[PDB]
Amino acid sequence: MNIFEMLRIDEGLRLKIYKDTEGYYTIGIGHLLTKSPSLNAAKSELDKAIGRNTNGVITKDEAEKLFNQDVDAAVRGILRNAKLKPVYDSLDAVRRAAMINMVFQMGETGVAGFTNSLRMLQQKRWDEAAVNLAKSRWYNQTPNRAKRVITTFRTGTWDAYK
Ligand SMILES: [Cl-]
Ligand SMILES: [Cl-]
């Protein structure tokens with residue numbers, strides 16, 4: 001198991017513009033297009049992202065290309081962030097994947113907002129961090145996915161995904 005396979009299980013794959021759990025226009029493997037309500041603003045973002053007139057539909061390769069970019073940006077976002085980097089550096093490889101998953105889903109700003117949990121992760125207080133991570137809108141809104149991520153943090157293994 002790896003970050004790509006992990007995120008592909010959590011996000012799924014859709015070749016047509018769809019709405020995410022929050023109601024925003026997305027495509028591919030969890031690629032957010034726009035928070036705007038306009039499907040046209042979504043089609044426009046999409047064409048801009050792909051470099052062609054898509055009419056809201058993309059190929060598997062196109063989906064994968066967006067996905068490769070998004071994982072790369074997520075890692076680089078972590079490494080550039082003063083609050084995130086120290087945590088990331090302190091973690092083992094499996095747990096690193098869990099933090100990348102949170103950032104891909106909620107952005108660097110969002111994760112950086114989990115101040116107390118980040119501190120507990122840095123100190124390697126697994127059980128306590130897992131408890132604190134659960135007291136969030138994140139867990140409340142997407143509980144099955146949050147549990148998987150959280151279990152990865154708690155255990156340091158890929159069990160939740162197997
Ligand atoms: Cl893009
Ligand atoms: Cl969920």
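So the sequence shown is numbered by the authors' numbering: it starts at 1 and just counts up by one. Beta carbons: idealized from backbone N, C-alpha and C, even for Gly.
(request) Note down, one range per segment and in chain order, each alpha helix (DSSP H) of at least 4 residues found wholly within the stretch 61 to 91. (result) 85 to 90
(request) Over the uninterrupted alpha helix (DSSP H) stretch that includes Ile50, give me the two end residues. (result) Walking along the sequence shown from the start, residue 50 turns up at place 50. For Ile50, the enclosing alpha helix (DSSP H) starts and ends at 39 to 50.
(request) Give the secondary structure of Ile29 by DSSP, where H, G and I count as helix, E and B as strand, and everything else as coil. (result) Here residue 29 refers to the residue found at position 29 of the sequence shown. Coil at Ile29, not helix or strand.
(request) State the start and end residues of the unbroken alpha helix (DSSP H) segment that holds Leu7. (result) Within the sequence shown, numbered from 1, the residue matching residue 7 stands at position 7. Unbroken alpha helix (DSSP H) run through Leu7: 3 to 11.
(message) Checking 8 Å against the spacing of the C-beta atoms, do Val87 and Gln122 come in under that value?
(response) Taking the first residue of the sequence shown as 1, we reach residue 87 at position 87. Taking the first residue of the sequence shown as 1, we reach residue 122 at position 122. Yes, these two residues count as a Cβ contact at 8 Å.
(request) Work out the CA separation of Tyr139 and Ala49 for me, nearest whole Å. (result) Numbered from 1 along the sequence shown, position 49 holds the residue referred to as residue 49. Numbered from 1 along the sequence shown, position 139 holds the residue referred to as residue 139. Rounded to the nearest angstrom, the two C-alpha atoms are 30 Å apart.
(message) Could you tell me the alpha carbon to alpha carbon distance between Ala74 and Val103, rounded to whole angstroms?
(response) Along the sequence shown, read from residue 1 onward, the residue named residue 74 stands at position 74. Along the sequence shown, read from residue 1 onward, the residue named residue 103 stands at position 103. Using only the alpha carbons, I get a separation of about 6 Å.
(message) Could you check if residue 166 belongs to the surroundings of ligand 1, using beta carbon to heavy atom distance under 7 Å?
(response) The chain is shown from 1 up to 162; residue 166 falls before or after that span and cannot be answered.
(message) Since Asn132 and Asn116 should fall inside the 8 Å C-beta cutoff, what is the C-beta to C-beta distance between them, to a whole number of angstroms?
(response) If you number the sequence shown from 1, residue 132 lands on position 132. If you number the sequence shown from 1, residue 116 lands on position 116. With a Cβ gap of about 5 Å, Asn132 and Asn116 count as contacting.
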